[PDB]
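Chemist: Structure file my_file_9.cif, mmCIF, C-alpha atoms and all ligand atoms, is pasted below:
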```
data_my_file
#
loop_
_atom_site.group_PDB
_atom_site.id
_atom_site.type_symbol
_atom_site.label_atom_id
_atom_site.label_comp_id
_atom_site.auth_asym_id
_atom_site.auth_seq_id
_atom_site.Cartn_x
_atom_site.Cartn_y
_atom_site.Cartn_z
ATOM 1 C CA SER Z 22 -15.430 -5.893 -17.978
ATOM 2 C CA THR Z 23 -17.448 -6.050 -21.198
ATOM 3 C CA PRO Z 24 -17.110 -8.466 -24.170
ATOM 4 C CA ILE Z 25 -15.611 -5.668 -26.283
ATOM 5 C CA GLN Z 26 -13.062 -4.865 -23.546
ATOM 6 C CA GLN Z 27 -12.119 -8.518 -23.330
ATOM 7 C CA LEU Z 28 -11.646 -8.886 -27.122
ATOM 8 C CA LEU Z 29 -9.704 -5.660 -27.444
ATOM 9 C CA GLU Z 30 -7.420 -6.615 -24.533
ATOM 10 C CA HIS Z 31 -6.808 -9.902 -26.386
ATOM 11 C CA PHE Z 32 -6.025 -8.152 -29.713
ATOM 12 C CA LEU Z 33 -3.790 -5.582 -27.911
ATOM 13 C CA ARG Z 34 -1.721 -8.357 -26.189
ATOM 14 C CA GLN Z 35 -1.263 -10.059 -29.548
ATOM 15 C CA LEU Z 36 -0.262 -6.844 -31.264
ATOM 16 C CA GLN Z 37 2.236 -5.847 -28.542
ATOM 17 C CA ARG Z 38 3.906 -9.241 -28.942
ATOM 18 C CA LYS Z 39 4.845 -7.999 -32.409
ATOM 19 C CA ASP Z 40 6.770 -5.020 -30.898
ATOM 20 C CA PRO Z 41 9.258 -6.701 -28.514
ATOM 21 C CA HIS Z 42 11.380 -3.542 -28.069
ATOM 22 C CA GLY Z 43 8.313 -1.649 -27.001
ATOM 23 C CA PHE Z 44 8.951 1.084 -29.514
ATOM 24 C CA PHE Z 45 5.115 1.502 -29.626
ATOM 25 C CA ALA Z 46 4.506 0.916 -25.859
ATOM 26 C CA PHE Z 47 4.331 4.526 -24.751
ATOM 27 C CA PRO Z 48 3.789 8.013 -26.215
ATOM 28 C CA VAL Z 49 6.722 9.139 -28.379
ATOM 29 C CA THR Z 50 8.540 11.962 -26.559
ATOM 30 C CA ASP Z 51 10.157 14.891 -28.341
ATOM 31 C CA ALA Z 52 13.425 13.990 -26.559
ATOM 32 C CA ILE Z 53 13.626 10.599 -28.419
ATOM 33 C CA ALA Z 54 12.093 11.954 -31.660
ATOM 34 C CA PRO Z 55 12.953 15.608 -32.146
ATOM 35 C CA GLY Z 56 10.062 17.768 -33.239
ATOM 36 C CA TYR Z 57 7.629 14.903 -33.009
ATOM 37 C CA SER Z 58 4.824 16.898 -31.366
ATOM 38 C CA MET Z 59 5.112 19.528 -34.103
ATOM 39 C CA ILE Z 60 4.772 17.022 -36.941
ATOM 40 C CA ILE Z 61 2.308 14.427 -35.647
ATOM 41 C CA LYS Z 62 -1.045 15.980 -34.824
ATOM 42 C CA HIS Z 63 -2.799 12.971 -33.294
ATOM 43 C CA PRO Z 64 -0.219 10.792 -31.433
ATOM 44 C CA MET Z 65 -1.217 7.224 -30.570
ATOM 45 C CA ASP Z 66 0.582 4.331 -28.828
ATOM 46 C CA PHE Z 67 -0.299 0.959 -27.351
ATOM 47 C CA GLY Z 68 -0.145 2.298 -23.792
ATOM 48 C CA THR Z 69 -2.777 4.917 -24.618
ATOM 49 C CA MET Z 70 -4.863 2.212 -26.347
ATOM 50 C CA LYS Z 71 -4.745 0.135 -23.157
ATOM 51 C CA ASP Z 72 -5.890 3.100 -21.079
ATOM 52 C CA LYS Z 73 -8.756 3.679 -23.552
ATOM 53 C CA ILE Z 74 -9.828 -0.010 -23.278
ATOM 54 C CA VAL Z 75 -9.733 0.132 -19.436
ATOM 55 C CA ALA Z 76 -11.739 3.374 -19.520
ATOM 56 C CA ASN Z 77 -14.246 1.649 -21.848
ATOM 57 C CA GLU Z 78 -13.771 4.321 -24.488
ATOM 58 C CA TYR Z 79 -13.821 1.922 -27.476
ATOM 59 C CA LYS Z 80 -17.301 0.897 -28.462
ATOM 60 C CA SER Z 81 -16.381 -1.047 -31.581
ATOM 61 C CA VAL Z 82 -13.514 -3.118 -32.952
ATOM 62 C CA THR Z 83 -13.482 -0.549 -35.842
ATOM 63 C CA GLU Z 84 -12.546 2.247 -33.435
ATOM 64 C CA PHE Z 85 -9.677 0.204 -31.962
ATOM 65 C CA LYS Z 86 -8.436 -0.670 -35.450
ATOM 66 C CA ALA Z 87 -8.501 3.011 -36.377
ATOM 67 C CA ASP Z 88 -6.268 3.881 -33.396
ATOM 68 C CA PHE Z 89 -3.909 1.061 -34.280
ATOM 69 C CA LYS Z 90 -3.673 2.311 -37.874
ATOM 70 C CA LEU Z 91 -3.178 5.889 -36.646
ATOM 71 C CA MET Z 92 -0.200 4.734 -34.540
ATOM 72 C CA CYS Z 93 1.361 2.977 -37.510
ATOM 73 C CA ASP Z 94 0.607 5.828 -39.944
ATOM 74 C CA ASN Z 95 2.239 8.270 -37.517
ATOM 75 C CA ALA Z 96 5.455 6.222 -37.529
ATOM 76 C CA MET Z 97 5.368 6.039 -41.335
ATOM 77 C CA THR Z 98 4.862 9.794 -41.571
ATOM 78 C CA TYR Z 99 7.544 10.820 -39.072
ATOM 79 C CA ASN Z 100 10.268 8.305 -39.998
ATOM 80 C CA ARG Z 101 12.089 7.726 -43.259
ATOM 81 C CA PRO Z 102 11.409 4.374 -44.982
ATOM 82 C CA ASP Z 103 14.935 3.032 -44.200
ATOM 83 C CA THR Z 104 14.298 3.043 -40.408
ATOM 84 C CA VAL Z 105 13.409 0.202 -37.986
ATOM 85 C CA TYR Z 106 10.358 2.244 -36.905
ATOM 86 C CA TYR Z 107 8.868 2.727 -40.382
ATOM 87 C CA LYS Z 108 9.499 -0.931 -41.293
ATOM 88 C CA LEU Z 109 8.077 -2.260 -38.050
ATOM 89 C CA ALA Z 110 5.023 0.019 -38.354
ATOM 90 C CA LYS Z 111 4.338 -1.174 -41.888
ATOM 91 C CA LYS Z 112 4.788 -4.803 -40.902
ATOM 92 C CA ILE Z 113 2.611 -4.715 -37.830
ATOM 93 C CA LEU Z 114 -0.069 -2.676 -39.586
ATOM 94 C CA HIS Z 115 -0.690 -5.410 -42.154
ATOM 95 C CA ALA Z 116 -0.181 -8.351 -39.757
ATOM 96 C CA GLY Z 117 -2.357 -6.675 -37.121
ATOM 97 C CA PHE Z 118 -5.236 -5.991 -39.494
ATOM 98 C CA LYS Z 119 -5.087 -9.588 -40.771
ATOM 99 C CA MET Z 120 -4.834 -10.940 -37.195
ATOM 100 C CA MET Z 121 -7.990 -8.982 -36.297
ATOM 101 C CA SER Z 122 -9.667 -10.146 -39.612
HETATM 102 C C1 LIG T 1 7.164 4.874 -32.600
HETATM 103 N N1 LIG T 1 8.516 5.454 -32.404
HETATM 104 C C2 LIG T 1 9.248 5.107 -31.319
HETATM 105 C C3 LIG T 1 10.504 5.589 -31.075
HETATM 106 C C4 LIG T 1 11.227 5.170 -29.833
HETATM 107 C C5 LIG T 1 10.538 5.055 -28.618
HETATM 108 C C6 LIG T 1 11.207 4.658 -27.462
HETATM 109 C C7 LIG T 1 12.551 4.322 -27.521
HETATM 110 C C8 LIG T 1 13.246 4.399 -28.731
HETATM 111 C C9 LIG T 1 14.702 4.051 -28.799
HETATM 112 F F1 LIG T 1 15.185 3.752 -27.578
HETATM 113 F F2 LIG T 1 14.907 3.007 -29.540
HETATM 114 F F3 LIG T 1 15.462 4.997 -29.377
HETATM 115 C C10 LIG T 1 12.584 4.829 -29.876
HETATM 116 C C11 LIG T 1 11.051 6.473 -32.047
HETATM 117 S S1 LIG T 1 12.606 7.254 -31.977
HETATM 118 C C12 LIG T 1 12.334 8.062 -33.484
HETATM 119 C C13 LIG T 1 13.344 8.931 -34.158
HETATM 120 N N2 LIG T 1 14.198 9.600 -33.555
HETATM 121 N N3 LIG T 1 13.306 8.796 -35.437
HETATM 122 C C14 LIG T 1 14.143 9.393 -36.470
HETATM 123 C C15 LIG T 1 14.733 8.284 -37.308
HETATM 124 C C16 LIG T 1 15.733 8.800 -38.329
HETATM 125 S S2 LIG T 1 14.902 9.887 -39.445
HETATM 126 O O1 LIG T 1 15.873 10.542 -40.274
HETATM 127 O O2 LIG T 1 13.843 9.171 -40.096
HETATM 128 C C17 LIG T 1 14.204 11.063 -38.331
HETATM 129 C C18 LIG T 1 13.328 10.348 -37.309
HETATM 130 C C19 LIG T 1 11.076 7.781 -33.984
HETATM 131 C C20 LIG T 1 10.313 6.895 -33.189
HETATM 132 C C21 LIG T 1 8.981 6.341 -33.375
HETATM 133 O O3 LIG T 1 8.299 6.600 -34.352
#
```
How does the structure come out when it is put into structure tokens?

Modeler:
Amino acid sequence: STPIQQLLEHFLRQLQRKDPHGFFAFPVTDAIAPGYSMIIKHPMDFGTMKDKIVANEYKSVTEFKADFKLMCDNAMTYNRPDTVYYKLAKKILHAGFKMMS
């Protein structure tokens, strides 16, 4: 396991602690979010991020950050602002980026 894999696994653990319901733990299904796949072109979730770390697909912290932001932007695109999902996404986006400096 490489230094980047170790750091990104660390960051991912810390970020998932901010989502205790696991709303971001797995790909959003169309069953839970009607029409999701037709609206969101590039889905992302923490579980996919973990698989990408294990597969050694991230070669920089920038790339990991970009996936994290994608995940949050998707939730802010799909959901109305008055929803737990939009608010959580916005919160964890800023906290996450700070956390990761
Ligand atoms: C990231 N994310 C996650 C969920 C989600 C995933 C698993 C389980 C659950 C739960 F058990 F809590 F229901 C929710 C959902 S569900 C959803 C959904 N149905 N959202 C609607 C909220 C009301 S609205 O008028 O904004 C239309 C979208 C969006 C997302 C999401 O982005």

Chemist: Select all residues near (11.0, 3.9, -38.1) (cut-off 12 Å, inclusive, file coordinates), counting only C-alpha atoms, and output them as a list in words.

Modeler: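 All residues meeting the 12 Å criterion around (11.0, 3.9, -38.1) are residues 44, 45, 49, 54, 92, 93, 94, 95, 96, 97, 98, 99, 100, 101, 102, 103, 104, 105, 106, 107, 108, 109, 110, 111 and 112 of chain Z.
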
Chemist: For the residues selected in the previous step, produce a file with C-alpha atoms as a PDB file, in the coordinates of the input.

Modeler:
```pdb
ATOM      1  CA  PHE Z  44       8.951   1.084 -29.514  1.00  0.00           C
ATOM      2  CA  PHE Z  45       5.115   1.502 -29.626  1.00  0.00           C
ATOM      3  CA  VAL Z  49       6.722   9.139 -28.379  1.00  0.00           C
ATOM      4  CA  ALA Z  54      12.093  11.954 -31.660  1.00  0.00           C
ATOM      5  CA  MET Z  92      -0.200   4.734 -34.540  1.00  0.00           C
ATOM      6  CA  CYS Z  93       1.361   2.977 -37.510  1.00  0.00           C
ATOM      7  CA  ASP Z  94       0.607   5.828 -39.944  1.00  0.00           C
ATOM      8  CA  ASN Z  95       2.239   8.270 -37.517  1.00  0.00           C
ATOM      9  CA  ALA Z  96       5.455   6.222 -37.529  1.00  0.00           C
ATOM     10  CA  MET Z  97       5.368   6.039 -41.335  1.00  0.00           C
ATOM     11  CA  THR Z  98       4.862   9.794 -41.571  1.00  0.00           C
ATOM     12  CA  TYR Z  99       7.544  10.820 -39.072  1.00  0.00           C
ATOM     13  CA  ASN Z 100      10.268   8.305 -39.998  1.00  0.00           C
ATOM     14  CA  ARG Z 101      12.089   7.726 -43.259  1.00  0.00           C
ATOM     15  CA  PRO Z 102      11.409   4.374 -44.982  1.00  0.00           C
ATOM     16  CA  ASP Z 103      14.935   3.032 -44.200  1.00  0.00           C
ATOM     17  CA  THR Z 104      14.298   3.043 -40.408  1.00  0.00           C
ATOM     18  CA  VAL Z 105      13.409   0.202 -37.986  1.00  0.00           C
ATOM     19  CA  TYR Z 106      10.358   2.244 -36.905  1.00  0.00           C
ATOM     20  CA  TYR Z 107       8.868   2.727 -40.382  1.00  0.00           C
ATOM     21  CA  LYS Z 108       9.499  -0.931 -41.293  1.00  0.00           C
ATOM     22  CA  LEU Z 109       8.077  -2.260 -38.050  1.00  0.00           C
ATOM     23  CA  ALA Z 110       5.023   0.019 -38.354  1.00  0.00           C
ATOM     24  CA  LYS Z 111       4.338  -1.174 -41.888  1.00  0.00           C
ATOM     25  CA  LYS Z 112       4.788  -4.803 -40.902  1.00  0.00           C
TER      26      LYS Z 112
END
```

Chemist: So which residues touch residue Z:35 within 10 Å, counting only C-alpha atoms, skipping near sequence neighbours fewer than 4 positions away, as a list in words?

Modeler: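 Residues meeting the cut-off are residues 29, 30, 31, 39, 40, 117, 120 and 121 of chain Z.
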
Chemist: Please produce a file of the residues just selected, as a short mmCIF file (atom, residue, chain, number, x, y, z; two decimals), in the coordinates of the input, where the atoms kept are C-alpha atoms.

Modeler:
```
data_model
loop_
_atom_site.label_atom_id
_atom_site.label_comp_id
_atom_site.auth_asym_id
_atom_site.auth_seq_id
_atom_site.Cartn_x
_atom_site.Cartn_y
_atom_site.Cartn_z
CA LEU Z 29 -9.70 -5.66 -27.44
CA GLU Z 30 -7.42 -6.62 -24.53
CA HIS Z 31 -6.81 -9.90 -26.39
CA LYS Z 39 4.84 -8.00 -32.41
CA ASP Z 40 6.77 -5.02 -30.90
CA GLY Z 117 -2.36 -6.68 -37.12
CA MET Z 120 -4.83 -10.94 -37.20
CA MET Z 121 -7.99 -8.98 -36.30
#
```

Chemist: I'd like to see the residues matched by the PyMOL selection byres (((chain Z and resi 66-72) around 8) and not hetatm) on this file, and ideally I'd get them as a PyMOL selection string.

Modeler: chain Z and resi 30+33+37+45-49+64-65+73-76+85+88-89+92

Chemist: Please write the residues from the selection above to a file, keeping C-alpha atoms, as a PDB file, in the coordinates of the input.

Modeler:
```pdb
ATOM      1  CA  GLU Z  30      -7.420  -6.615 -24.533  1.00  0.00           C
ATOM      2  CA  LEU Z  33      -3.790  -5.582 -27.911  1.00  0.00           C
ATOM      3  CA  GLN Z  37       2.236  -5.847 -28.542  1.00  0.00           C
ATOM      4  CA  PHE Z  45       5.115   1.502 -29.626  1.00  0.00           C
ATOM      5  CA  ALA Z  46       4.506   0.916 -25.859  1.00  0.00           C
ATOM      6  CA  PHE Z  47       4.331   4.526 -24.751  1.00  0.00           C
ATOM      7  CA  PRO Z  48       3.789   8.013 -26.215  1.00  0.00           C
ATOM      8  CA  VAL Z  49       6.722   9.139 -28.379  1.00  0.00           C
ATOM      9  CA  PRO Z  64      -0.219  10.792 -31.433  1.00  0.00           C
ATOM     10  CA  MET Z  65      -1.217   7.224 -30.570  1.00  0.00           C
ATOM     11  CA  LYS Z  73      -8.756   3.679 -23.552  1.00  0.00           C
ATOM     12  CA  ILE Z  74      -9.828  -0.010 -23.278  1.00  0.00           C
ATOM     13  CA  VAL Z  75      -9.733   0.132 -19.436  1.00  0.00           C
ATOM     14  CA  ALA Z  76     -11.739   3.374 -19.520  1.00  0.00           C
ATOM     15  CA  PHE Z  85      -9.677   0.204 -31.962  1.00  0.00           C
ATOM     16  CA  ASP Z  88      -6.268   3.881 -33.396  1.00  0.00           C
ATOM     17  CA  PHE Z  89      -3.909   1.061 -34.280  1.00  0.00           C
ATOM     18  CA  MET Z  92      -0.200   4.734 -34.540  1.00  0.00           C
TER      19      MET Z  92
END
```

Chemist: Which of these, Z:51, Z:22, Z:34, Z:27, has the shortest distance to ligand LIG 1 (chain T) once you count all atoms listed in the file?

Modeler: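 Using all atoms listed in the file, the shortest distance to ligand LIG 1 (chain T) belongs to Z:51.
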
Chemist: Given the point (-16.9, -2.1, -26.4) in the file's coordinates, find the residues that have an atom at most 6 Å from it, counting all atoms listed in the file, and give them as a list in words.

Modeler: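 Within the cut-off we find residues 25, 26, 79, 80 and 81 of chain Z.
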
Chemist: Looking at Z:32, Z:24, Z:78, Z:41, which one is nearest to ligand LIG 1 (chain T), with distances taken over only C-alpha atoms and all ligand atoms?

Modeler: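 Among Z:32, Z:24, Z:78, Z:41, it is Z:41 that comes nearest to ligand LIG 1 (chain T).
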
Chemist: Would you compute the distance between atom CA of residue Z:55 and atom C9 of ligand LIG 1 (chain T)? Give it in Å to one decimal.

Modeler: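 Atom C9 of ligand LIG 1 (chain T) lies 12.2 Å from atom CA of residue Z:55.
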
Chemist: Around ligand LIG 1 (chain T), fit a box with edges along x, y and z, padding it by 8 Å on each side, then list its centre and edge lengths in Å to one decimal as lines of an AutoDock Vina configuration file.

Modeler:
```
center_x = 11.5
center_y = 7.0
center_z = -33.9
size_x = 24.7
size_y = 24.1
size_z = 28.8
```
